[PDB]
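The data below hold one chain only, encoded as structure tokens and taken in the form deposited in one PDB entry.
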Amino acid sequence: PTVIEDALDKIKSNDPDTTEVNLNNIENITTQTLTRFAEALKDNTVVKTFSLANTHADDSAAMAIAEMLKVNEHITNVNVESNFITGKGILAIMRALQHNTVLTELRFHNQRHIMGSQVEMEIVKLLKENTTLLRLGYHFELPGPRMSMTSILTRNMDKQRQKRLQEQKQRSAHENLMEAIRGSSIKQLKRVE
């Protein structure tokens, strides 16, 4: 429910009033069209969210996006869900994020096929060196990579907690609680369906 031609025209025009780029559920299925969307956004600075969900996008598009994420320094969120990307395109993007300070959310759910154990542990390896990414939209099948990842994203957000900390700056109770929990019952609660 969005026209590709004129919107793209606004990207390369760097229209001040285009902070969202939403290509979700579009039949275009043109690898070239999406790859020139990447080049279009490459020098853009207004866009903060570039999404293409379920567009039959392939690995090349993931490559264009991958290299580009280092040029573009204003997109905070990228979405490539429900497309057909392999560990190649995804790992390319991750290697891009090896040095990319802006991007903070990246989602690739419901892909064509499983990434693979080695691909997942690779993801966690690369992103170990990233500090700005806060949300990763993927379900790791292996517990190791998954726990490593949640630890990473926790410390990246913690950096926000710390920087905000310095910026903004410059038992009887339990026993009585239990005594209270024993004296309770459902008859004290607001009846509602």
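Basically, rigid core = biggest C-alpha set you can superpose within 1.5 Å across the two forms. Numbering starts at 1 and follows the sequence shown. Shifts are known only where both forms have a C-alpha.
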query: Entry-level comparison of average CA B-factors, 101 to 109 and 118 to 126, reporting the higher stretch; finding: 118 to 126
query: 61 to 69 versus 137 to 145 - greater average Cα B-factor per the deposited record; finding: 61 to 69
query: Most elevated Cα B-factor in the entry, residues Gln168, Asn54, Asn156, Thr150; finding: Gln168
query: Third assignment of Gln162 from its chain's C-alpha B-factors; finding: middle
query: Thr132 CA temperature factor, ranked by third within the chain; finding: lowest
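Separately, the form deposited in another entry exists; it is not shown, and the next lines address it.
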item: Cα displacement of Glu179 between this form and the one not shown reaching 2 Å, rigid core superposed; value: yes
item: Superposed on the rigid core, segments between this form and the one not shown of at least 3 residues with Cα shifts of 2 Å or more; value: 171 to 193
